[PDB]
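Engineer: Following this message is one structure expressed as structure tokens.
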Amino acid sequence: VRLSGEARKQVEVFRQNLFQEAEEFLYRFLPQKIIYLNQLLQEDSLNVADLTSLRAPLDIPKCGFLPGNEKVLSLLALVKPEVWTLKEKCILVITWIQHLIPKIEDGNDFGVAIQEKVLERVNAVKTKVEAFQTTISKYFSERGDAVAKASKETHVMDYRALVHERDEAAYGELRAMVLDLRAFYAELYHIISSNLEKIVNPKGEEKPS
Amino acid sequence: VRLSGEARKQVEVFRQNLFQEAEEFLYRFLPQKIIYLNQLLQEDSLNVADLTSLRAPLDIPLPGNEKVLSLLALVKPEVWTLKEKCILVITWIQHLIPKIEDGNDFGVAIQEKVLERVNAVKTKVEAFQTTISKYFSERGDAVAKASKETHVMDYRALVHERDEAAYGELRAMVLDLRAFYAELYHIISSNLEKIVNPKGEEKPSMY
Amino acid sequence: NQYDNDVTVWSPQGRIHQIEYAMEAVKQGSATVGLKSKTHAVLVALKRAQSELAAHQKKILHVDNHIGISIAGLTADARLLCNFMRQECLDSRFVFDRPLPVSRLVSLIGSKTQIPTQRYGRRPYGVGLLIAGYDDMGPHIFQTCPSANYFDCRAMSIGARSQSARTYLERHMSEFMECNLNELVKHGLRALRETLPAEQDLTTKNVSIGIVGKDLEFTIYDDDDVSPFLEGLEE
Amino acid sequence: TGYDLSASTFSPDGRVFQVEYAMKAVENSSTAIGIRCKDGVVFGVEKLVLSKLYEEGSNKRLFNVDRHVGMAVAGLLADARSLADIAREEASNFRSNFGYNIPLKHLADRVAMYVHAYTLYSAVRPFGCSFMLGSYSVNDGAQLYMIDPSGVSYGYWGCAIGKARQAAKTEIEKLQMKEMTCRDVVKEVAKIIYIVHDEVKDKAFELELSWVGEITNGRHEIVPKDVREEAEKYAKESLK
Amino acid sequence: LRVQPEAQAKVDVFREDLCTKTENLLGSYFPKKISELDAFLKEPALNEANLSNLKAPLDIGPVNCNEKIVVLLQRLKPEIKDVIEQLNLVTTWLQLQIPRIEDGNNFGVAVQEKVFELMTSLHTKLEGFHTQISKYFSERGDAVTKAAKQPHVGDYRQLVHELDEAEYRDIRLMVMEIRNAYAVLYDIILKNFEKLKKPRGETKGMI
Amino acid sequence: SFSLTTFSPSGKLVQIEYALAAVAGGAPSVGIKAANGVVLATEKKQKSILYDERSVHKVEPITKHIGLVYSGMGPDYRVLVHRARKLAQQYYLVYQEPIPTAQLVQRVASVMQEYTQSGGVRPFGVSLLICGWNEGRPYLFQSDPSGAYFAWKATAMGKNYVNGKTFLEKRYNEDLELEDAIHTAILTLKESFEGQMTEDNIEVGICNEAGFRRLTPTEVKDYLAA
Amino acid sequence: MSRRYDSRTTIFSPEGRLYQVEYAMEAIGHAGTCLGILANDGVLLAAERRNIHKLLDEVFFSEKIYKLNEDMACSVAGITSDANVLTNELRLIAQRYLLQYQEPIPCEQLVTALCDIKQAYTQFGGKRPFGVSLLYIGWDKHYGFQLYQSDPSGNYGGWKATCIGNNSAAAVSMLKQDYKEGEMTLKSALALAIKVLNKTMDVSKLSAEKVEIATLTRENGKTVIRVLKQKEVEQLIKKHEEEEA
Amino acid sequence: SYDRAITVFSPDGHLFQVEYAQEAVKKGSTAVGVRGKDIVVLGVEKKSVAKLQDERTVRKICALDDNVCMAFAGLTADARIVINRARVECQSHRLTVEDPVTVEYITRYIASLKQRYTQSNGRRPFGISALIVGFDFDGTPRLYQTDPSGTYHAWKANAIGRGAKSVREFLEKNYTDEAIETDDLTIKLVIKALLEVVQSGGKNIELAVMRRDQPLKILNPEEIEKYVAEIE
Amino acid sequence: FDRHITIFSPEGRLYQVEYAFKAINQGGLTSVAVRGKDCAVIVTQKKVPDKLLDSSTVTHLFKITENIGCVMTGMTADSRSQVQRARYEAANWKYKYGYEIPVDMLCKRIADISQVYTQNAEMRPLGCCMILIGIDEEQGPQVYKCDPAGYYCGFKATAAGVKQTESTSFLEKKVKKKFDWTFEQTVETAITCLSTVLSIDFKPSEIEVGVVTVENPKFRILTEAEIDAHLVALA
């Protein structure tokens, strides 16, 4: 095809943007978010041994307001931006690696197959990250509908105990997500940096010609 | 064989007449429908992308939309007529399937792949008509629930979101139909040699 | 998986499964036992009949005047290799005009089993051998493997349920040296008892032995001479 | 993947995994060591006792290729005795050709060349055994060479084959072996054998030692039982 | 197991009954019904060019249906009930013609497996065709109820009018599909009959 | 020992099909038969200055009156070189005369056939273009790995060979002197070749009444002046 | 030696057929049209030319037509590679006949001799079969003018008229109509072959270069084989042109 | 060279190779022969089309000797190898023995080739089955059929090709001591056996007969129509 | 299929030949040779990982004949195997053609050996590439390199091993500026080439340097004392 020299620069500047974002993500964002989530694991909020005291029981009726768990809400505010930031930046890594696929050949695709296996592992993490985003919205849909169902049902009290399970399951997921997210940043650094040789240079270029 | 020797010649209706009638459909009906949709792509109702210009006036705290219906009057017979002719193509390939044998399965595998792509086109036009029925079900439930909602301006304004989506999808359907008409003739005519004659029968009798 | 198809292909742990399947072929044969003293050597062979009306198979093969052997494994693989053992021993008396040293014969047995291993398409010989013989240095008990490994032995028991015999061979190993010909038969038949089931034990029909010695050439006994050998032996 | 099936088929990284797997089989073999000095070369091997039912002197791990050439093999015993006679045929054909004893460097080359010949063909299999070759002469002197399963020979002041090798090689580097005499070297060989073997997996063993040098008059000779027990007592001074 | 010469012979009579039925199916039933549905499609009620007359007006009890569409449904349903049962006769016949399991002569055995699966696939399609007929019965009645549930939105009446079109459009398509259900049934069983009823075995060797 | 080349379900040979696709992407090579001589101009490209141009030459003579060029694999060509030259030897052994080009190409193309049948061996990856001079009539032949040899007045081979054939179809006709045959072979070579054109980048040779001879870089530079 | 690389070409199909043999005839089915006619006063063998280019030489003789010996000749349809060996082997076989029997080979002996070689390669050896089908013409002292047809499977049979390659069934259908057994001579068969060649060939503008015609007849006790010059074929084109329109 | 085992055992002991070879035998043309008193009659259908193919090269009725002829059904290529190699060995027998070749002595050699080449390394099993019929000393006829597996057997009446079992059903029921009693009965019975497999048959049916020490004679098509003329 | 034996890929390539290229970098060494005016110099790294390893027995510089030097980059097992055959071919030249084989005709026969491995699926190619030097009496010094594929060409300087493009990049600095090539000044570029890419500054005991000159046509390896004299002076 044919295109203007400015259109070449529009593509080149785009490739230069992904180069700086992918390199910064590997050598800056990854080591910073690993220790950041490691500090959140060391925070006394996630170190609580007794989960039964972390429940937020609500009255079951000019009715009074029915807030959620103050600790879970505050910890969801910490986990949520890490779920978005990790997901968004992995996508830039998925894009940057995908551009390194050369012209499709009929062989010597092992370096390309390595690139695919890296993308599949990132996609596997990306699905787990999206599952954490569902869990963040799960606590609001589950507890919200269950408390009002426990509000309209005064005969069956154990709905609130099911709401209490949503408290312990959330807090259990809160530390689990922060632990799993930190593991994800660690897996990304281990997969990308170690295989970076085959990611950037998938072909040995041994051609004798 | 101990079979009745009468009515067996009735297969020549679909193995010859409808068979040659489906032949005419390939190089005549299919391209006639390609240039036909090319006139339907000139409709400005599908070409407008503006939400407010596309959507009809809505009285809610009950008018309908006849502009999309006139577009449906063009789209609905096109997805259905294609679906009817695809059924003829399935039968047209069915009569060309040879008897059971070991070799010469290359042309048979072609008949299986082409017929499966005909089922794919049949699935697409079924999803088209299903979405067409969803225009009345979803929007019908949209303005019915919107009529009950007053202080909510969110769900009431979101009713027009599917109103714009109806126009953009119908134009995408017409574009897909023209691709379907082209792919039917292009795929069949390219493999026409092996589809009609999957077995050349040049094997010596060795008798 | 894919690595058991032949001998040549090595497993990722560096093992050959076809050699393993050949070494497990020997354990599917009859159980025989043998022992030597400072003077004599006795090979006790267990004979098994294919059916009740069938006669007992011969597990003893005469090789040289001072040499004898018991076969455990595939029958025909022993036969082709027996034609090789006897040919080499006949070649010894054809060339050297002397009895072939039992250690030299077994070394030729291994060399014959090393040939099929390193080459593709050749199967190794799936028969095991317990061989005995007397020479200037006294009697010798040797054992061979389809893996081509061969060892020098005081006494051994091969076949199924051989450890109950080998445990017996460990406790009486001190006595095996100083006993005489009549006692070696008593210890040999009592060693065979441990490899045998709890129902059928000892009959002169299915039990045969052979003996080589200082001035005594290798001699095979079957029934008539074995009957007094079984007499006077508790189990 | 199918790339490691035959030795004739290269890996995607340009390697032969069939030769590698033959090397992994050597790592399961018992440990054997050797050391060369100005007086000669000292051999030692750990011979594991499999059962008490085996006669003394059975499963001899000290191989004699030629009058002045000793050998110690760690690996598959089947391929060991094969190459053993083949190495003797090369030394015998040498004498049948040039009328004297083949030098150790020339013998290690011909043997290693025949080891590498089976790595090329897919219709055969490479050797699963590795060994060391010592020699001594008045014109050459003490020499020690080791051949791997890939058929490559390297000159060594000392070497270790079998399971434990790198651990025994570092213990040899901690002290100068050149000025020592074979009488003092066998004291260190038995000392290393007791360090390598502990009771965890294996049960019992026997010390098989061999000497070549001035003490043996330049000829390959096994160590007698009298000196072997005395050499153990020197190692029993510290181990015990 | 022991052999009972009486009861087992009656089982053989049952197999021979299905053989006689299959012969009557191929010789008479199949080719005559194919030409019958071909003239059934030529009926001008199925050729209707204007579906606006087919829209049933709803008074929004004064609730009716389109007599043309319902009668066309009542005309198609017995043809669907006939193709399903005659297919079950073929399905049982194909299974009873399969010999015992052996290693040799398995070429014709694998052929009988594929032909048998083709009839199970048709049986699933035939059940889905009659299900759509009963599906539109519940969907149209509920759509009219939704029109009376909210006597304002006109999309519900347009939905019923679209369902009236969806019914009639599917009628003409199913008539072609049931006619193909006969043609594909007749073609496959006619193409495996003559020497393919007993494709292998009964040869072995002279000695 | 089993044949690696078998018939496809369509009847074509699968192995030789990739052989023809291999020579299609080789080094661009063109030739022209005009008047009393045949011009052979090929492409020798070196990746670096360290490469010595006098060590390796792509244009090689078969004999005095015959010469050959190639587009395809390097190693398979030298095998063709030794066997074709030995075939000309064994020719001169029996017949004691210079070999005709028709008989030379015939029995050499038969060697390409032998490996489409014999097992454990791949077909040749080289498409040979043969030039010859016999009895005053010039010869230009074209052979591919399939073993079928043809005859052409002018043709092209290697990368973008379709363009070189169409260009000579338009430009080239009869009544062209050897001097015009060189300058026409250069023009069709300027189209397929990209970049600056020097005497080292192109290797040219001709065959005439005096036999097949390779052009020196000095006289090639004279033809680079247009 | 690896048994994974062996396709085992001797495997029979469940219907008792050979795959490599059936794939050979399919490759022959794509070859150009070649026909021959047995006539009273001579034999006629004509064929088309599929390769057409302005830069072609063709300074040789015919393309698919070869000469087996003085009294015989053949045509070719198939892979030109396997055709060269068969043409060599046929000439070797026909010459080895001249060794022992020192007489012109009967047209029946030369056919069954090559076919025994074709079936030997399909029987064993592991080598692929041959992809060439051959027609044979000539004269012998016993049966006279002869026309034969060969298949790559080794099967052969006598024919008064036949066709191989492209448009074979179309020419055979016309041979069942116009051909008169024991009536039309070599002269009438020449005009008939040109008629069949023009109608069965969908490519228009038949020229003396695009087609080839060869005749073999016995005159005054000597077998006369010749290939009609392009001008002589052009004269026949002028004759058929008037006949056609 | 090419050396490997072609025919190999299966879990059931049957040989897929040999079985597929017999399938090609079943798809061959129908050929039949019947032992008379002093005569034997061979016949085969011919599938000639449009007077095009010559009738000289089609003949499937071959003679191994003056007293021994044969007919085959199967691959026509494999038959030409067996017939030639059988004639080479049959006359090599007359080199070893002045007396002629008994039909049983050539049959054992022929079937032995199908034994060797089936189990031989790299070779292929034959796809043909042929009827070797001839006259032993004293004029006693013999009829033998081979098998691609290598077995052979004696038959008073036998048939091969497609519908070979159907022809045997005719032979099994209609062959008695009354059958093949004279010349007129032997000729009619062989024709009547082929009359069932007649499909557009006419002149296409080919027949041959050998009588005592007389050589194999081919009965011309005109007398075929005369013997088929009497069906009552 | 195409990736197991040597046969044409879908694009017409050979993957077994490409893996033979990838087998060169598996050696873990880097060598360089520069063709000078009157001289030819090879510089390679001498690796002695073990203290017990004898340095005199580990040499990467090989002698094909008097006037021809050699260095091997690739699999060590394949390297020493080709050199033995290279000496078999070099001696076959003199036994046939009468004179010392030139470096061009020597690389040709060695390349033809790799051609047989490529075309035939029976034998695998060698994973070593040979770099040969020498001085021809007509054209002067001759330095060539042969890859396992069989391609060889005249090189003003050679590069092999882990460092290839970077080694050539430094060699491009010298040839483009047209530097004067003498015995010392070629050793100046050769040591600097390998030192800057690996960031080492090789010691005399860490490397071995073969040299050949017009005045000294016999190939000889420089002594550590001379290498040190060519080190400090070159520093």
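Heads up, chain D uses Swiss-Prot numbers, so what you see runs 6-245.
Even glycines carry a Cβ here, placed using N, Cα and C.
Feature table excerpt (Swiss-Prot):
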{"type": "MOD_RES", "residues": "D:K57", "note": "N6-acetyllysine"}
{"type": "MOD_RES", "residues": "D:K206", "note": "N6-acetyllysine"}
{"type": "MOD_RES", "residues": "D:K230", "note": "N6-acetyllysine"}
{"type": "MOD_RES", "residues": "D:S243", "note": "phosphoserine"}
Engineer: What's the number of neighbouring CB atoms sitting within 10 A of the CB on D:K230 (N6-acetyllysine)?
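Structural biologist: Other Cβ atoms found within 10 Å: 9.
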Engineer: Checking D:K57, D:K230, D:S243 - which of these modified residues have a CB within less than 8 A of a chain C CB?
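Structural biologist: Out of D:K57, D:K230, D:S243, D:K57 lie under 8 Å of chain C.
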Engineer: Compared by Cα position, which of the modified residues D:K206, D:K230, D:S243 is the closest one to D:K57 (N6-acetyllysine)?
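Structural biologist: Nearest candidate: D:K206.
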Engineer: Provide the number of Cβ atoms within 10 Å of the Cβ of D:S243 (phosphoserine), excluding the reference atom itself.
Structural biologist: 10
Engineer: Rounded to a whole number, how many Å is the Cα of D:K230 (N6-acetyllysine) away from the Cα of D:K206 (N6-acetyllysine)?
Structural biologist: 27
Engineer: Measuring Cα to Cα, how far is D:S243 (phosphoserine) from D:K206 (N6-acetyllysine) in Å?
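Structural biologist: Computed Cα spacing between D:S243 (phosphoserine) and D:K206 (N6-acetyllysine) is 23 Å.
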Engineer: Where does D:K206 (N6-acetyllysine) sit by DSSP, helix, strand or coil?
Structural biologist: coil
Engineer: A 10 Å Cβ contact count, applied to the modified residues D:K57, D:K206: which residue has the minimum?
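Structural biologist: With the modified residues D:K57, D:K206, fewest surrounding Cβ atoms within 10 Å: D:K206.
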Engineer: Helix, strand or coil by DSSP: which one applies to D:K230 (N6-acetyllysine)?
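Structural biologist: Note: D:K230 (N6-acetyllysine) is helical by DSSP.
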